[PDB]
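# What the coordinates show
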Amino acid sequence: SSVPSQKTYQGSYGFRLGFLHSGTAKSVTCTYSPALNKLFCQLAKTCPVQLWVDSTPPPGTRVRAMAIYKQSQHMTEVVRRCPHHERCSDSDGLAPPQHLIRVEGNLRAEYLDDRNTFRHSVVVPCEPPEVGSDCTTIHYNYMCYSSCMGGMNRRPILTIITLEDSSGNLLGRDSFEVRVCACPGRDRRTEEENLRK
Ligand SMILES: CCn1c2ccc(CNC)cc2c2ccc(-c3cscn3)cc21
Ligand SMILES: [Zn+2]
């Protein structure tokens, strides 16, 4: 399959992501490394991702998430759930069981199987922040481990977040690496130490 672009693009509205500062304690379930541009999270746990813009986008703007493999020798392979997890009937009623990325708690989430690339994505309406908040947060879930045999099988992935107009045209783009693992705090600490070395 052809490879969706991962080029960072703020666009007319100044679109970019933001992440909480959750730390690296052994008990943490989701933590983001700015130095690695990498999110570490446990299986199927809530991953808050912030959306930031400098100016107000039009009604009908949407926000899409898609995963691709990071390594060039694997980027043409569709990222999907492994043969076990696609069959474990953990459906939320909306997400197809094959999809790695879900949006949590948004009844207007839509899930796409691309008719030409066969790639999976989940898209929601772009919404302004809640009254009293400075940004909008989407809660994502990753539904396989990076290590799952027959699926990602230890290959690193990226999530690409695109801001789109109502036709699906590109307005903005950002991305981050993801590792779905049992101990995100320890793994973030290890990889940041490896980077320092
Ligand atoms: C991207 C999320 N977001 C913000 C994040 C951050 C900010 C900046 N707050 C200091 C504003 C917005 C914002 C405004 C409007 C809309 C909107 C209108 S009609 C559809 N979507 C969305 C907004
Ligand atoms: Zn799996």
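See above for the structure.
This section reports on the structure supplied with the text.

For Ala 44, which is not a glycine, the phi torsion comes out positive at approximately 65 degrees. Relative to the assigned elements, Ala 44 resides in the loop between β3 (38-41) and β4 (47-52). Judged by its relative accessible area of 34%, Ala 44 falls in the partly exposed class. Non-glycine residue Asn 153 carries a positive phi angle of around 50 degrees.

Glancing now at the environment of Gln 98. Mapping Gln 98 onto the fold places it in the loop between β5 (62-69) and β6 (101-103). For the pair formed by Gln 98 and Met 143, sequence separation is 45 residues and the distance between their alpha carbons is 9.1 Å. Not counting chain neighbours up to four residues away, the residues in contact with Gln 98 comprise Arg 80, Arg 81, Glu 86 and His 120.

Let us now look at the pairing of strand β8 (residues 120-125). Each regular strand shows side chains that alternate between the opposite faces of the sheet. Burial within β8 is extensive, with six of its six residues counted as buried. Taking every second residue as pointing to the same face, both faces of β8 are buried, with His 120, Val 122 and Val 124 on one and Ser 121, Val 123 and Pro 125 on the other. Strand direction decides the pairing type here: β5 and β8, joined by four bridges, are antiparallel. What sits directly across from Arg 62, in β8, is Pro 125.

Right, let's get into the packing of aromatic side chains. This model, assessed by the stated rule, comprises two aromatic pairs. Taking the centre distance of 3.8 Å and the plane angle of 10 degrees together, the rings of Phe 19 and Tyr 32 count as stacked. Here the residue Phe 19 occupies a position in the loop between β1 (16-18) and β2 (30-33), and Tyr 32 occupies one in strand β2, the gap between them amounting to 13 residues. When the ring of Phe 19 is compared with that of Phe 176, the centres are 5.1 Å apart and the planes differ by 75 degrees; the resulting orientation is edge-to-face. On the criterion of sequence distance, the pair formed by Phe 19 in the loop between β1 and β2 and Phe 176 in strand β11 (residues 170-180) is long-range, its members being 157 residues apart. In this structure an aromatic cluster arises from ring pairing among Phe 19, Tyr 32 and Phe 176. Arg 155 extends its terminal NZ or CZ atom over the ring of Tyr 69, reaching a point 4.1 Å from the ring centre.

In the vicinity of ligand 1 lie 14 residues, with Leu 51, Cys 126, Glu 127, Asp 134 and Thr 136 positioned nearest. Take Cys 126: an N or O atom from its main chain is 3.4 Å from a nitrogen atom of ligand 1. Its free accessible area being 530 Å², ligand 1 has 78% of it covered by the protein chains. When the residues that make up the shell around ligand 1 are grouped by side-chain class, the tally is 10 nonpolar, two polar and two charged.

A word on the coordination of the zinc ion (ligand 2). Surrounding the zinc ion (ligand 2) are the protein donor atoms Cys 82 (SG), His 85 (ND1), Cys 144 (SG) and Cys 148 (SG), at 2.0 to 2.4 Å. All donors to the zinc ion (ligand 2) come from one chain, and their sequence spacing reads C-x2-H-x58-C-x3-C. Of this pair, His 85 sits in the loop between β5 and β6 while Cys 144 sits in the loop between β9 (136-142) and β10 (157-164), and the two are 59 residues apart along the sequence. The burial state of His 85 is the same as that of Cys 144; both residues are buried.

Reading guide: rules and limits
- Residues numbered from 1 in each chain as written, not as in the entry; some residues may be left out.
- Chains lettered and ligands numbered in written order.
- Heavy atoms only, no water.
- Residues with missing side-chain atoms left out of burial classes, pairs and counts.
- Helix = DSSP H or I, 4+ residues; strand = E, 2+ residues; numbered from the N terminus.
- Buried < 20%, exposed > 50% of the residue type's maximum accessible area, 1.4 Å probe, protein only.
- Contact = heavy atoms within 4.5 Å.
- Pairing = 2+ DSSP bridges.
- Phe/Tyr/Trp six-rings, centres within 6.5 Å; stacked < 30°, edge-to-face > 60°.
- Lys NZ or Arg CZ within 6 Å of the ring centre and 35° of its normal.
- Near = heavy atom within 4 Å.
- Polar contact = N/O pair within 3.5 Å; in protein donor to acceptor, adjacent residues only side chain to side chain.
- Areas by Shrake-Rupley, 256 points an atom, 1.4 Å probe, with all protein chains shown as cover.
- Nonpolar A, V, L, I, M, F, W, Y, C, P; charged D, E, K, R; others polar.
- Donors = N, O, S within 2.8 Å, 3.2 Å for Na, K, Ca; no water.

Keep in mind that these numbers describe shape and distance, not what the molecule does.
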